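Chemist: Experimental coordinates follow, after the sequence.
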Amino acid sequence: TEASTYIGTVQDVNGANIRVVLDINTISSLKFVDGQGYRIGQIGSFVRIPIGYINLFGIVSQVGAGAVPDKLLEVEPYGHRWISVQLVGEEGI
Amino acid sequence: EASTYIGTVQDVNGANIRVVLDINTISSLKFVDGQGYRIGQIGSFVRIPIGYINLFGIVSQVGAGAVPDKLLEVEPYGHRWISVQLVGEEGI
Amino acid sequence: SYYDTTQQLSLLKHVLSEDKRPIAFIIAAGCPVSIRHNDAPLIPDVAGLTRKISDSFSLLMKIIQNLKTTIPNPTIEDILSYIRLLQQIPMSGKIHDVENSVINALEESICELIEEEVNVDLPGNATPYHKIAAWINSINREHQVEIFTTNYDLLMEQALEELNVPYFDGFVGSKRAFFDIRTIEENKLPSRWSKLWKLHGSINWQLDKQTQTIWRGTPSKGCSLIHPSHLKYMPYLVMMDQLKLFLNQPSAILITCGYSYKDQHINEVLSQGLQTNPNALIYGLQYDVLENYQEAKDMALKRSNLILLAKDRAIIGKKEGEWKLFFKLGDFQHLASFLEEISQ
Amino acid sequence: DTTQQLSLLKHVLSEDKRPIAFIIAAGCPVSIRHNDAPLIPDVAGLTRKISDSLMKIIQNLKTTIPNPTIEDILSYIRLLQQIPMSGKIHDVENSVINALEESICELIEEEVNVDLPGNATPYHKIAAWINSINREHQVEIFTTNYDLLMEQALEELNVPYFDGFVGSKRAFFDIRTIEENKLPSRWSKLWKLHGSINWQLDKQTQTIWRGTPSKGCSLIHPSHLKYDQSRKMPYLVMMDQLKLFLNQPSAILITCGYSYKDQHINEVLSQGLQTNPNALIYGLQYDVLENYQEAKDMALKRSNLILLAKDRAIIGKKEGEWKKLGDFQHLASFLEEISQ
Amino acid sequence: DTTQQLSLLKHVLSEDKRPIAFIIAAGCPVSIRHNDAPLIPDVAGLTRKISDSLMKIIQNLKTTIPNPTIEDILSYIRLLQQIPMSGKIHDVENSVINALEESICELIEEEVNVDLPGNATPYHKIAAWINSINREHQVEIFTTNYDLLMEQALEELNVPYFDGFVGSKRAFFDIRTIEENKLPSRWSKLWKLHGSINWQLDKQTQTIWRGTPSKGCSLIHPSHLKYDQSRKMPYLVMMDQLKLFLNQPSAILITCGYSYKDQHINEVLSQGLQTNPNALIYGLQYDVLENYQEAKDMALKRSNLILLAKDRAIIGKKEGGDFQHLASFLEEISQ
């Protein structure tokens, strides 16, 4: 199904402030890819968002209850699986 | 429905429309006579025809930030709303 | 008035990368031509087959001139239809003034020659068909990919078997493989299972006795139901209905490669489907100049959701334009390489 | 009494609910007579046909084995040809074992290539009854034969069936679609445990593909190397499907002509009966009850198994007595009467 | 004996909640007497009348076929018509074909243009019996005649019937009415397998519009080209409707005067009998039971098939007719 190097899906856009929901079932620790150990979304790490043929890159800026949207906290105050990603650049053809 | 069709107005606040994306999801291309335009992008424009004249607007927010209050309490798993801000209109 | 190749290539790459939207294909006579085992291609084109029939066989040449009076240069399909019509009339031998049974002998001879010429195996694992088969298995799509073919060979079947690709061509059975028609319309097929339809028949079709029940299997000598439509009073009708029903699916996409749009029934069905469903999209891919396809350009001018790609011309959204030759995707091997790169 | 047993069987099988399955042995072709002769004789018929067609191996095995059959002979030949210098038993310059293997294989394939007679075949009645039931629990059929007769008749009846092979003249062995089981309910499953007469191996690897009958070469009684697994699977997965049907809630099972002379089948059926007490088996015997000592022992051991024969009727692990269904044509007539 | 299945048919007629219908052949109108003469000539009578009005083609067809019928002759004439240079096959100057077919069509047109007689017609009794039942299951009747006698009979009692066509002198063919099949239960449906002299095609396109009988052109025995993506002259839609009616929950259906001499009808009947296990056909035989070999074969093959004849009765695949008599029996059962 979902290929390796999978983290989540975009659920909110505010121009240059993306919010991502982690779709990993559990064990947010050492998702092995290509025999090398990378960690699930962390403050200093990058992410990649492929759009058809070009890949948008971004950097995580906030993790936890801060990245949760406005009224999602109102609906439930105990759910925190969001990250806030800020776009940086893109890779062309 | 005809092509170049996105959704339906479900709210109005003077100059801040909230629009609902329709059920035919996953597409996210909406081909219109050749080239296809991604639906609900940040900088894209929209057109709302009222009878004879058209109303234009610019998208400002996409996702959970545009959905109203009560719908999130009803269901927090659905974020298919956009926030359109009016700009101008085209006369006769 | 000027179009960019890279934009269309990116659009196609984004389209093929999708999973839920249904996909289909059409494989015409121009696809096997792009693959060559000897110096010549492993299978000739329609014109090559017509020339081979003409020079391989004054009474015989009368039929070719007789049909040319009311039609352009006759092809294999026209000749076979004329032979079928001649056999329909019992005492039809007076038109050619050659007995009343030489028509059957000529039909047997041409059928045997066609079967001998077409019963070829594709050599090597690097064929584009294997690449397409691998691409199908790459992404586990929500809706399977259907394949329509108008050829006579079994290259697609062999390629599918080579890479372990399950499929279902409307025939169930091990020895006789009778035609099951209720399961086609019931359509509760396995999700992973693909489908393959041969619109013009192949060498594995044989007609039974007065029972007339159709079956598929090992080809027999002096028997080949390679007739395009022939006549009746039928699998062809249900296959056309299946194609039309697929074309009505939401956000359905159909891709044509190597097809010159010379047929009339297929063009009419495509036009009706395009008019009925405003969301369908068709990628007309050619490997020549667009001026050769009058019907294709007429349909592209009439319809808005049709896209044409030629060597030096393209029609997009009722607006004919010029490229920024170009569009190397017209060749079948390049399409297979693009698909393989997309899968990888 | 017999009548109560027949009525119970009618009202438990004719009712639509539990899944249905049959086992067909080599005795079924015996019950059909063409031109006053059986279409295909019993195993002993094929054995002495081969005999009248080099007895040294036969008496070599006879020293430790009773009256043999063809499967033992071919397995012994295969075991010989595994060894490189296997001729020390029989002369030198190994050619007899090979030549014997081919001679017997195409001889058997010529003996078995028989066409079914007209519309009076009981297989037609069974197929019509199958088409007469549209229950969600489809009917899967297990056969120990080698011929194409059952599927030939089923195709003549215009009904779908899946046998684990999908494709064309070079159809491969579908493996996964066996055990996702994502198939239409109207479809039925056909499994042949001992193999067919059209399966052929491949030089590159164990492909056991099904298609047009290969010239001379055929695969009979799979007993070759199984270390590789996955490839050359059908035997193991056939027993696996049998075991899965034996388990699960299934209060129905029918036997016809089985001689209870297969160790690999007796053990698995005993294990399934022990594991599944709710399920029931209706094993029959077209002979006197005393000819099947293994069946009597199995009936004594497992109560769920029901054994019926011409001599008497063993019910509930206890021997009974009378005060008709053994005939396979009579069985087809009974099925037609129940359906009608 | 006879009382057994007579009571059985009375009971199944009294069994509601199941659809009912009938099949009308050329025998029922032939057995109807007008002025001590048959109302509609039989197939042999029609062929004799046609021969009364260029027998080379008939002789050529007789070499491989026995004494033919009008349908075979017209099909052969049309088949020669599609072939451009088909005149050389039979003499020369292929213009006699068009005149011959026009004359044959005219002769048939004034042969079948016969008005229905008064209230003594059993068709009126059948219509009254049908209308007297308020069952939700509507009755759809398929016929093989080339006249419109049943249309006149149904219209004489103000009974709602639909023949797939609606409009005016240029009424078109509504195609999807059969598709969604959404009609009130009070209405009834009618289909003509071979058609009458009412349907006529159009020069611009194959529209087979129904309306006032045009002078010269008439549509009969639909076997023309079907390459126009259906809707040209579809008897296939009628066949599909018959298949759908065979695909609904099982019911016992009857027929009147069917000779079982239609291979196309026989094939679909066998397919429906095989698909629906309890489906029963109550086709009778107003002739010798040995004169219907196809019916006997079908009864032997299909156990659910029921065959009755004047001299015998094939019930349960084992061997053991007047339309007015059937109408009288239905009227008696209704009361």
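Modeler: Received the coordinates, thanks. Numbering: from 1, shown residues only, chains lettered A, B, ... in the order given.

Chemist: Which parts of chain A are helices?
Modeler: A:72-75 (DSSP state H).

Chemist: What residue in it comes nearest to chain C?
Modeler: residue A:52 (3.2 Å; CB to the nearest CB). All C-beta atoms are positioned from the backbone trio N, CA, C, and that covers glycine.

Chemist: for chain A, what are the nearby residues on the stretch 51-200 of chain C?
Modeler: residue C:140 (CB under 8 Å from any CB of the partner chain).

Chemist: ranges for the strands of the stretch 51-200 of chain C?
Modeler: Along the stretch 51-200 of chain C, counting by DSSP state E, counting those that start in this stretch, strands occupy C:146-149, C:195-198.

Chemist: Which one of the ones you listed lies nearest to residue E:39?
Modeler: Of all those, strand C:195-198 sits nearest to residue E:39, with 50.8 Å by CB to CB.

Chemist: quick one: the following helix or strand past that closest one near chain E?
Modeler: Downstream of strand C:195-198, the first helix or strand assigned by DSSP states H and E is strand C:205-207. No. Using CB under 8 Å from any CB, strand C:205-207 stays clear of chain E, with a minimum separation of 15.8 Å.

Chemist: Can you report how many residues lie near the residue of chain A closest to chain C?
Modeler: By the criterion of other CB atoms under 10 Å in any protein chain shown, residue A:52 has 16 neighbours.

Chemist: again with residue C:122
Modeler: 21.

Chemist: Next, the contact list for it, please.
Modeler: C:35, C:37, C:42, C:129, C:155, C:158, C:159 (CB atoms under 8 Å, 6 or more residues apart in numbering or on different chains).

Chemist: residues making contact with the host helix or strand of residue C:49?
Modeler: Here residue C:49, judged by DSSP H and E, is contained in helix C:46-56. For helix C:46-56, the external contacting residues (CB under 8 Å, 6+ apart) are C:29, C:44, C:64, C:73, C:74, C:75, C:76, C:79, C:110, C:113, C:114, C:117.

Chemist: before we move on, back to that, quick check: chain neighbours aside, which residue is closest to the residue of chain A closest to chain C?
Modeler: Nearest non-adjacent residue to residue A:52, counting by CB to CB, 6 or more residues apart in numbering or on different chains: residue C:14, 3.2 Å away.

Chemist: tell me the SS of the one you found?
Modeler: The three-state label given to residue C:14 by DSSP: H, G, I helix; E, B strand; the rest coil is helix.

Chemist: That one contacts residue B:29, correct?
Modeler: Yes. Here residue C:14 reaches residue B:29: they are 7.4 Å apart, a contact under CB atoms under 8 Å.

Chemist: Adding distance to residue C:58, write the strands of the stretch 51-200 of chain C out as CSV.
Modeler: Below are those laid out as CSV (distance: least, CB to CB, whole Å):
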stretch, distance to residue C:58
strand C:146-149, 37
strand C:195-198, 37
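
Chemist: Output those strands in a markdown table; the columns should cover distance to chain B and mean neighbour count.
Modeler: As requested, these are exported to a markdown table (distance: least, CB to the nearest CB, whole Å; neighbours: other CB atoms under 10 Å in any protein chain shown):
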| stretch | distance to chain B | mean neighbour count |
| --- | --- | --- |
| strand C:146-149 | 19 | 21 |
| strand C:195-198 | 22 | 21 |
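
Chemist: Now render those strands as CSV, adding distance to chain E.
Modeler: Converted to CSV, these look like this (distance: least, CB to the nearest CB, whole Å):
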stretch, distance to chain E
strand C:146-149, 17
strand C:195-198, 18
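
Chemist: and whatever residue of chain A ends up closest to chain B, what are its bridge partners?
Modeler: Of all residues in chain A, the one sitting closest to chain B is residue A:12 (3.6 Å; CB to the nearest CB). With DSSP bridges as the criterion, residue A:12 is bridged to residue A:19, residue B:63.

Chemist: helix or strand for residue C:283, which one?
Modeler: strand C:281-285.

Chemist: The helix or strand just after that strand: how far from the chain's middle?
Modeler: For strand C:281-285, the following helix or strand on the C-terminal side (DSSP H and E) is helix C:294-302. Averaging C-alpha positions (CA atoms, centre = their mean, to the nearest Å) puts helix C:294-302 20 Å from its chain's average.

Chemist: Next: stretch C:331-344.
Modeler: That offset, for stretch C:331-344, works out to 19 Å (CA atoms, centre = their mean).

Chemist: List the buried residues in that stretch.
Modeler: With burial defined by 16 or more other CB atoms under 10 Å in any protein chain shown, the residues of stretch C:331-344 counted as buried are C:331, C:332, C:334, C:335, C:336, C:338, C:339, C:340, C:342, C:343.

Chemist: Go ahead and flag the most central residue of the chain.
Modeler: In the absence of a named chain, chain A is used. The residue lying closest to the centre of chain A (CA atoms, centre = their mean) is residue A:20, at 4.4 Å.

Chemist: oops, chain C please
Modeler: Within chain C, and using CA atoms, centre = their mean, the residue nearest to the centre is residue C:150, at 2.2 Å.

Chemist: was I right about that residue contacting residue C:201?
Modeler: No. Residue C:150 lies out of contact with residue C:201 (CB under 8 Å); the separation is 9.5 Å.

Chemist: what's the nearest residue to residue C:169 if we skip its chain neighbours?
Modeler: residue C:196 (5.0 Å).

Chemist: contacting residues around that neighbour?
Modeler: Contacts of residue C:196 (CB under 8 Å, 6+ apart): C:146, C:147, C:149, C:156, C:157, C:160, C:167, C:168, C:169.

Chemist: can we see that at 10 Å?
Modeler: C:25, C:27, C:145-149, C:156-157, C:160, C:165, C:167-170, D:168 (CB atoms under 10 Å, 6 or more residues apart in numbering or on different chains).

Chemist: Look up the residues forming beta bridges with it.
Modeler: residue C:147.

Chemist: so residue C:212 makes contact with residue C:225?
Modeler: No. The pair residue C:212 / residue C:225 is not scored as a contact, 11.3 Å apart, by CB atoms under 10 Å.

Chemist: Around the closest residue to chain E within the stretch 201-344 of chain C, how many other residues sit close by?
Modeler: In the stretch 201-344 of chain C, no residue comes nearer to chain E than residue C:268, which is 6.0 Å away by CB to the nearest CB. Residues lying near residue C:268 (other CB under 10 Å) number 14.

Chemist: Let me see the contact set for the residue in chain A positioned nearest to chain E.
Modeler: Going by CB to the nearest CB, chain E is nearest to residue A:52 of chain A, at 37.3 Å. By CB under 10 Å, 6+ apart, residue A:52 lies in contact with B:29, B:38, C:10, C:11, C:12, C:13, C:14, C:15, C:16, C:17, C:18.

Chemist: rerun at 8 Å
Modeler: C:10, C:11, C:13, C:14, C:17.

Chemist: got a list of what the residue of the stretch 201-344 of chain C closest to chain E touches?
Modeler: Here residue C:268 is in contact with residue E:229 (criterion: CB under 8 Å, 6+ apart).

Chemist: I am finished for the moment; much appreciated.
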